[PDB]
Amino acid sequence: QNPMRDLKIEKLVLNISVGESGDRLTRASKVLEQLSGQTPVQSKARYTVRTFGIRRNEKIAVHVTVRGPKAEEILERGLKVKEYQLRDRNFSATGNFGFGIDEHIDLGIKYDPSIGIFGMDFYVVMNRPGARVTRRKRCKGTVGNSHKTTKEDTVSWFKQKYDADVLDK
Amino acid sequence: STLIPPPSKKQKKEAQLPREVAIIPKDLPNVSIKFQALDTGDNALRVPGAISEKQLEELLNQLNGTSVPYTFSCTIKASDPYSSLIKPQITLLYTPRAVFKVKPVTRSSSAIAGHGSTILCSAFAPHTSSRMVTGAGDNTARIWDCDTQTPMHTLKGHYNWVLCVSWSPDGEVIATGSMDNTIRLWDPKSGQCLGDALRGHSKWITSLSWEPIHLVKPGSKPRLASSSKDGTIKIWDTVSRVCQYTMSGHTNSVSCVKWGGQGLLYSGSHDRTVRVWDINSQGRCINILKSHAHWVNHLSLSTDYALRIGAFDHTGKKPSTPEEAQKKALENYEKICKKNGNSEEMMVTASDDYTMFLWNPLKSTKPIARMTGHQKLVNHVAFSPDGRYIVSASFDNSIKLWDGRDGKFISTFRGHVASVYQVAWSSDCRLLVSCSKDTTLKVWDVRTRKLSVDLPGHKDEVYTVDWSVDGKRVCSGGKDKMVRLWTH
Amino acid sequence: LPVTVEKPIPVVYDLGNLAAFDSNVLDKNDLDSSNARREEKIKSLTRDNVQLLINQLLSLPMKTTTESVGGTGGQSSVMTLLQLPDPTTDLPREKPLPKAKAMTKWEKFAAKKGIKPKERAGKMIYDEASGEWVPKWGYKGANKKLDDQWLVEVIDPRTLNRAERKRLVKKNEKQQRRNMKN
Amino acid sequence: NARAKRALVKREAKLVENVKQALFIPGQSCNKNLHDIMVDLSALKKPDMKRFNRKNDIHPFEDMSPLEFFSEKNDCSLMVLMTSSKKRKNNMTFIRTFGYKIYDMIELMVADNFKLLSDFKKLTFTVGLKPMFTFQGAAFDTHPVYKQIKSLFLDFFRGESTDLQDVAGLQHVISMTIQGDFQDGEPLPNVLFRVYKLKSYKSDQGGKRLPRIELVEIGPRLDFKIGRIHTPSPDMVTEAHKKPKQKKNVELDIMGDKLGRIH
Amino acid sequence: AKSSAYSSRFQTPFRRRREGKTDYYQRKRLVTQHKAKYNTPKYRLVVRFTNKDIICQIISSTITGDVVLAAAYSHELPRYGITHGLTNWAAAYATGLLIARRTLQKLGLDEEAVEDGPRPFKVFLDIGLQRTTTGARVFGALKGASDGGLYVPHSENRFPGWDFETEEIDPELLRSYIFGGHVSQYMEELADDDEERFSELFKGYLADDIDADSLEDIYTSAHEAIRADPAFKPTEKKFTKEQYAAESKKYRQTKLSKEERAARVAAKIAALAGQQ
RNA sequence: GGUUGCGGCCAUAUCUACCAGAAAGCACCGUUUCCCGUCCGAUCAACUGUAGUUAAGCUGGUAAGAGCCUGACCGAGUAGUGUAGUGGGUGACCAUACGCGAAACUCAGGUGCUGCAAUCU
RNA sequence: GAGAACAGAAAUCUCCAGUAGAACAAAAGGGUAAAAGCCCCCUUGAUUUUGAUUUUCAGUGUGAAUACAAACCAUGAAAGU
């Protein structure tokens, strides 16, 4: 049965990791800003690596989370770029999914030669109503088995609205 | 913090012994008892065994045939109320209460901000303790909703300070005296200008007193009386908005005015002179009282608490018609008035000669008694509601209690550090609030003659106080801008 | 309704710990475990002692303050708390008395040449250029100017001072241990 | 840096002392009837109290070092060990220490006719007030075992000492009563532990001052049977009963005023 | 996978604790008033906010697990004449104005005590698990109690209209929230802008046909009514204890014997073992 | 009896995998003007009880489940051990006696009890 | 452990786990779990005044160190710490 345990999107999370910090970092930030309206967040490096040329607490990467209609627009707009064709992987066992594009111009958006090119990480995390149980402060709980999002149920959902193709074995 | 110093090695071993108990041995010795009223009558000899003071009511009430409970005293050397008999025949002194208990005012509600200046005056409504008006050194007055601790109509009109305010005893009209030249009558509910402002006095307004209800005809509004620094007094009619008769006996400024019991204005003035002023003569003087070596500040009457409230007793349960309001106004008056079955209103004055003279103006233009005691000037005087104790505020940081009937000294309240500006009573005639040049207000237990509770709160000088008639609530106002309300 | 309670023997009290010691003679077969009417006798016996304990306590003196509204560690005006005595009853203490009195070598010497120990005002020494005050030990020390500042005059000069501080810090933390021992 | 100093500041010695902290240990042979009585007895000594979950192998009169080991760890002078056996059924062993060393021991075996807070009618109370006390017996004064039991329960259940005391706090009373008088030679009688809540009434024959007190039971009802008893050494009494130390013809007046008699 | 040894090893948090509603760390501090300086009884106004509902509760502290002196509720307000806006701040303040009257009324001071007198009832406010923020409806209920003349110590701060960048309060802004005039203003906004949303929200009010300006005045009247009759009344009820019980047990599943379980296994080893 | 809120004991209350829930009450839920906080109305904040739903949470039931707890002459009067004997033995250590006396092991039963206030076909 | 373009043994995001191979100033042994770990907001401290320690040459109603107590200060809606 399903009335109302449907399959809404929790959130889209766009992400750009940068090898270096400086102009090229704050410009990647600026891309996520004007695309989201929201100010993005700068993750720091967790330890020093050396073969990547990075140090503990360097500021290495920006990202932004987007929820509700604006999420679905940028989803589909990027989803276009990927030919409406993902893979049999791409979907997690717990019923989320993601993809990338390279070149941030292939989905609206002009170029500007004083900004350069980046690409993006798209990641789409799914739920039903009552996911709040595992997220609110008061009466905090864990969601029961036959309410959990799965790979089967999300792929079926994807194959339907959007109309897109799965690919691979 | 300088301490109360510690108990000594012997004084511990005093305390460590078991002792005393309350006991009451039995107690049945047959000691003779006389009964006496503080008014006049002696009533003649019983001789029972010893009993609790609750029972000596029930012995009296069947004898006189009332059901009125009664307060008791004995040994008048001493003056102090088995509880007597441990101190050693007994002349028992009985006296009526008006049965009640107004509570000790302890806690603040948090400080109500508003107008951005010092607060000059602050009067409760008579009929309810929710409604309370304040006059500031900002040109606005403001009426506060006191249950919710918030402004009920921020009120505008004047173009200088507002020095005194008063609520009419029927409770229809508020009046606001000003540092310019004007009086503005207000409705509480609308908060709007009732016609044009009352203009007539040439300099600023000093105090405002209402014509009380039991004189005024049932289905006519009470007239206002207004004293001013030019020295005249005018009598304002609220409906027509025009003065009937200016009255111009005093040469210097009039410090305050009061409307009396029997159609008689009293006006305490800066020409060292107190003018008893009949209304029926249409602006005319009858008697001119002279004692003081300095000017006269303030003028208290025995009836003034009853005349201020006018019909609305502590419940605030309203009169259904003006003909009822006549009788309710007359009955609250005639609780206090007939003390020996005769309308003997006492008048009392303060002045900078450090002295209060006691007056009975209908009987004699001489004074009765000279209350002399204070070092620096007395400022406020107050009768207690029942006309029984007088108390007066002074600039030597101390408040002196004087018996009302004979102007005889009782005691002094000590506690205040800096100069005391004004005082007010609890309606039951037990507690007594006072305000100072320092932060603190204090409340004074009159029965034990002692400090009940100090209450700090304000950041600066505190000019005005008043106690609500029911006796939940006490207001305050002063130099730090914030109106604090105080409660149990 | 009757409050006062006679006994044969007087009761010996302890109003510090709040206790009433009763030496009056008990019956066996009242308090024997076979008895049906056992407990009401213990209630009847105790109620007397508790009444006698209270009838002392209410006849004590009591504090009655005039302070009110946030008496920040004390009582309101219209409480009225009862002034108890100390315990007569001698407990044993939890731990032995805190008296590990050594002299510690300095203070021996500071007796023999006194050296009245000092007025001890506060941290902040005065700097001249800068105009402002600035301590000393605390923050931006008159200790650590030489490390931060920019030229020295007359092998490095700064790290010699970073050594020669830590010698004196070692020396104090060493000179503890002998006085900790002895 | 200065957190776990304040542990050692509290755990160090002190002139005006803290509350003696209770520790209820389940032994090897504990059982559910005893585990109730533990908690019912603990509920009075709240807050100043700790319980274990585990069942520990201890034998007080054989070997003491685990008890000092627990006492020194937790900083808890009052210890109660729970044992049970066919000799000593429901054996509550009460221990106190002096500087993490054993002061005394006393074995109280609980009788079969105990009653718990669940059983009685449940009535008003407050968490961790001062109790009142009554001790019914001359033997409490005279006889050294009962002096030691008198020395226990006051030290156990009083909590914080104070100079100054409210009316409304005086809600309930502990009652210790020795089971009848006895002569030397005989068996030692039981000690009856009863707990009453007060109810005032307006008495008339007292008046306004003195009320009529009426007691009501709430429990826990316990009846203690005495076992083996380890007493302190006479020097250690002289150490333990010692004041902190903290004038002739010289008196403070009122107003301070250090006056001196000439004579 | 879990190692069976580990499942034994771990020690459960407090059963009530484990439950999200209630927190044991906070309780300890409320367990003892001080309690070293003096011995005193303790009263606390426990406030929780439940969906479609307002609840206010006041609880003695006791090793029994406590007793309640007074009980205040949103369903009472309809009896006082307010159906509407239970979730709103204004409604919470009324609950405070009301709770205090009933306890005072039962306590009997207006309308073992010795050496005087009435005494002033002091109640330390419960936190709950709610976050602390200025203009919280929790703190609205606190302010309600103050009209009642209950004393918890407080700040003007956590009311709405508290200026961050100066230590000041507006009583007019606080006055609006008591009435719910601010909520009424939003209704006015909805009336002027759109009516799709207006149908959806305040639909019950609209059935009443009450107006926002009038509602403020209606709210004012209700406060007055509460003071007049704060004693409380209990509903008479339809259907007994026993019926409610009986109808409930129609849908309440019930135990089994070892004997029944023994058959189920024997039955199982008959079927699922012996060669299909 | 069910349910909410507060709890006392703090696993007979938890964990793993399934199943059921009439009423009311919890709950999920809808909305971003107001006070408020976020990278984000997801958390928190406020507003409504309307558009919906028992799908979870929650509460019961189910299982020779995983654990935990109680009872016992199940193991066992066993180990350990105070005390006594010019007991034994080259020693290591162990019987005799007068007294106390565990735990695993093994079998049997159970799977949360209950204080206060309101509200339900 | 399972996923996401560039992206790899180590770059960030997301879901489920470590009863604590969390780091609790330390050392262990216990238990805090809406913490004492990590992150953000708000702020003096070697305060001043009096009984027990001890030292003075103007024995300086204590002048100053030291032990304790009380007012105060900080923070929080408070309980408090």
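Residues numbered from 1 in each chain as written, not as in the entry; some residues may be left out. Chains lettered and ligands numbered in written order. Part of a larger assembly, values for the part shown. Heavy atoms only, no water.

- cryo-EM is the method the PDB entry states for this structure, with the resolution given as 3.08 Å.

- The name given to chain D in the PDB entry is Ribosome biogenesis protein RPF2, and the organism recorded there is Saccharomyces cerevisiae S288c.
- Entered under Subcellular location in the UniProt record, the comment concerning chain D runs "Nucleus, Nucleolus".
- Comment text from UniProt for chain D, heading Sequence similarities, reads "Belongs to the RPF2 family." (UniProt positions renumbered as here; feature names shortened; annotations may be inferred.)

- The name given to chain C in the PDB entry is Regulator of ribosome biosynthesis, with Saccharomyces cerevisiae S288c as the source organism.
- Word for word, the UniProt comment on chain C under Function is "Required for ribosome biogenesis."
- UniProt's Subcellular location comment on chain C is quoted here verbatim: "Nucleus".

## Quick look at the protein's contact with RNA strand G
Right, on to step 1. Around RNA strand G there are 77 residues in total, and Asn 15 and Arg 46 of chain A together with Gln 33, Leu 129 and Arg 158 of chain E lie nearest to it.
Right, on to step 2. Taking all atoms of RNA strand G within 4 Å of the protein, the share assigned to sugar and phosphate is 57%.
Right, on to step 3. Residue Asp 102 of chain A places a side-chain N or O atom 3.1 Å away from a base nitrogen belonging to RNA strand G.
Right, on to step 4. Between RNA strand G and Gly 119 of chain A there is a distance of 3.1 Å, counted from a base nitrogen to a backbone nitrogen or oxygen. (Near = heavy atom within 4 Å. Polar contact = N/O pair within 3.5 Å; in protein donor to acceptor, adjacent residues only side chain to side chain.)

## So, the protein's contact with RNA strand F
Right, on to step 1. Around RNA strand F, the structure places 100 residues, and the nearest of them are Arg 132 and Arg 136 of chain A together with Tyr 24, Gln 57 and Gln 130 of chain E.
Right, on to step 2. Atoms of RNA strand F within 4 Å of the protein: sugar and phosphate make up 71%, bases the balance.
Right, on to step 3. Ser 4 of chain E is positioned such that a nitrogen or oxygen atom in its side chain is 3.5 Å from a sugar or linking oxygen of RNA strand F.
Right, on to step 4. Sorting elements by how many residues they give to the surface near RNA strand F places helix α12 (residues 241-249) of chain E first, with six residues.
Right, on to step 5. Residues of the surface near RNA strand F, tallied by class, amount to 32 nonpolar, 36 polar and 32 charged. (Helix = DSSP H or I, 4+ residues; strand = E, 2+ residues; numbered from the N terminus. Nonpolar A, V, L, I, M, F, W, Y, C, P; charged D, E, K, R; others polar.)

## Brief notes about the sheet that holds strand β4 (residues 107-108) of chain B
Right, on to step 1. The strand order across the open sheet formed by four strands is β4-β35-β34-β33 (chain B), and the pairing between neighbours is antiparallel. Across the chains shown, the open sheet's two edge strands, defined by having one partner strand only, are β4 and β33 (462-467) of chain B. (Pairing = 2+ DSSP bridges.)

## Section: the pattern of salt bridges
Right, on to step 1. Scanning all chains against the criterion turns up 52 salt bridges over all chains.
Right, on to step 2. In this structure, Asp 32 of chain C engages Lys 28 of chain C in a salt bridge whose closest nitrogen and oxygen atoms are separated by 3.6 Å.
Right, on to step 3. What makes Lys 28 of chain C partly exposed here is its relative accessible area of 37%.
Right, on to step 4. The partner of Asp 104 of chain D in a salt bridge is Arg 96 of chain D, with the nearest N and O atoms 3.7 Å apart.
Right, on to step 5. For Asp 104 of chain D, a relative accessible area of 2% translates into the label buried.
Right, on to step 6. Look at the salt bridges and you will find they share partners, linking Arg 38 and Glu 39 of chain C together with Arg 194, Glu 217, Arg 221 and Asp 223 of chain D into a network. (Salt bridge = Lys/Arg side-chain N within 4 Å of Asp/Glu carboxyl O. Buried < 20%, exposed > 50% of the residue type's maximum accessible area, 1.4 Å probe, protein only.)

## A few points about the arrangement of the chains
Right, on to step 1. In this assembly, seven pairs of chains are in contact, and the pair with the greatest number of contacts comprises chains C and D.
Right, on to step 2. Here chain A and chain C are not in contact; the least distance found between their C-alpha atoms is 26 Å.
Right, on to step 3. Structurally, chain A and chain D remain out of contact, their C-alpha atoms never closer than 25 Å. (Contact = heavy atoms within 4.5 Å.)

## Quick word on the interface of chain D and chain C
Right, on to step 1. Tallying the contact residues gives 69 residues for chain D and 50 residues for chain C.
Right, on to step 2. Both faces combined, the contact of chain D with chain C buries some 5500 Å², and carbon together with sulfur accounts for 59% of it.
Right, on to step 3. Between the two partners, chain D and chain C, sit four salt bridges.
Right, on to step 4. Linking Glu 17 of chain D and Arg 93 of chain C is a salt bridge whose minimum nitrogen-to-oxygen distance equals 3.2 Å.
Right, on to step 5. At the surface where chain D touches chain C, the tally comes to 27 residue pairs in polar contact.
Right, on to step 6. For the side of chain D that touches chain C, the class distribution of residues is 25 nonpolar, 18 polar and 26 charged.
Right, on to step 7. Bridge count between strand β2 (residues 19-22) of chain C and strand β6 (residues 132-136) of chain D: two bridges; the pairing is parallel. (Buried area = accessible area lost by both parts, 1.4 Å probe.)

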